[PDB]
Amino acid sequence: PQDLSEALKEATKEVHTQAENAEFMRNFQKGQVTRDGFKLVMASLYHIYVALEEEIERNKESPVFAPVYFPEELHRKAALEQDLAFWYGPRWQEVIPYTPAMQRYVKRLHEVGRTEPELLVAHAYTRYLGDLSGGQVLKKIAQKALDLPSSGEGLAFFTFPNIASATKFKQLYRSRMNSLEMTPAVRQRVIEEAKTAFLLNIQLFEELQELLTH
């Protein structure tokens, strides 16, 4: 594939299925998800998005990332803050877990953002477009499996308010990715970094599943 976006999709097809096959995620897909498991997933997201959005802000002007910079349409940090206040209560910042698997993911994000900005696009792609695509499917499953009350909160993360059409924004982002100018070498390190992104998610799923079976 010549386009970076098409190259990413095909290069990450295997790990994507692997992330899909992970037990925690399999259980999820099969509506097998508990409150404790969901809390852990949300806590993970908060830490990952804080780190990712912190690095995007650091590189938003760089020509290696600027093209795919969409802060208003994609930022998730605030949505997660709102959500964790529901799941863990008002003192959530004090009690939310921060596991080694979460830290490994966060650590890589800062490294890329601070020493290999050119690769940041790989993580923003994996996270944003992934959470965007399978957003609804996972939300519907969760709300019907978590039997939530009606307090009007806890799932803001699954709704991107500043995006009218997912499909159409999905195409714009793909276009912007393809506009990125880079050496075939960098173009290859980015593809690699995308696979590393899934691997970091896969090991997170493995860890959370382990923490929940005691």
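For every residue, the number given is its place in the sequence shown, counted from 1. Superpose the two forms; the largest set of C-alphas matching within 1.5 Å is the rigid core.
Do the Cα atoms of 145 to 153 stray more than those of 44 to 52 in 5 other deposited structures of this protein, or is it the other way round, with the core held fixed? Most displaced of the pair in 5 other deposited structures of this protein: 145 to 153.
Output the stretch, either 76 to 84 or 135 to 143, that has more C-alpha displacement from this form in 5 other deposited structures of this protein following superposition by the rigid core. If we average over structures and residues in 5 other deposited structures of this protein, the farther stretch is 135 to 143.
Do the C-alpha atoms of 17 to 25 or of 193 to 201 have the higher average B factor in the entry? Taking the mean B-factor of the alpha carbons in each, 17 to 25 is higher.
If you average the CA temperature factors over each stretch, which comes out higher, 155 to 163 or 26 to 34? Per the PDB entry, the higher value belongs to 26 to 34.
Would you mind checking which of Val68, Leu52, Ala43, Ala185 has the top Cα temperature factor in the PDB entry? If I rank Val68, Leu52, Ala43, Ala185 by C-alpha B-factor, first place goes to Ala185.
Which of these, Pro90, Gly134, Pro100, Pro97, has its C-alpha atom at the highest B-factor, as the entry lists it? Spelled out: the listed residue with the top C-alpha B-factor is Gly134.
Assigned third (lowest, middle, highest) for the C-alpha B factor of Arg76: Lowest third.
Which third of the chain holds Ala142 when residues are ordered by C-alpha B factor: lowest, middle or highest? Top third by C-alpha B-factor.
Lowest, middle or highest third: where is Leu208 by C-alpha B factor in its chain? Its C-alpha B-factor belongs to the lowest third of this chain's values.
CA B-factor placement of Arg176, once the chain's modelled residues are sorted into thirds: CA B-factor rank for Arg176: highest third.
Using the B-factor values recorded in the entry, state whether the Cα atom of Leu148 falls in the lowest, middle or highest third among the modelled residues of its chain. Its C-alpha B-factor belongs to the highest third of this chain's values.
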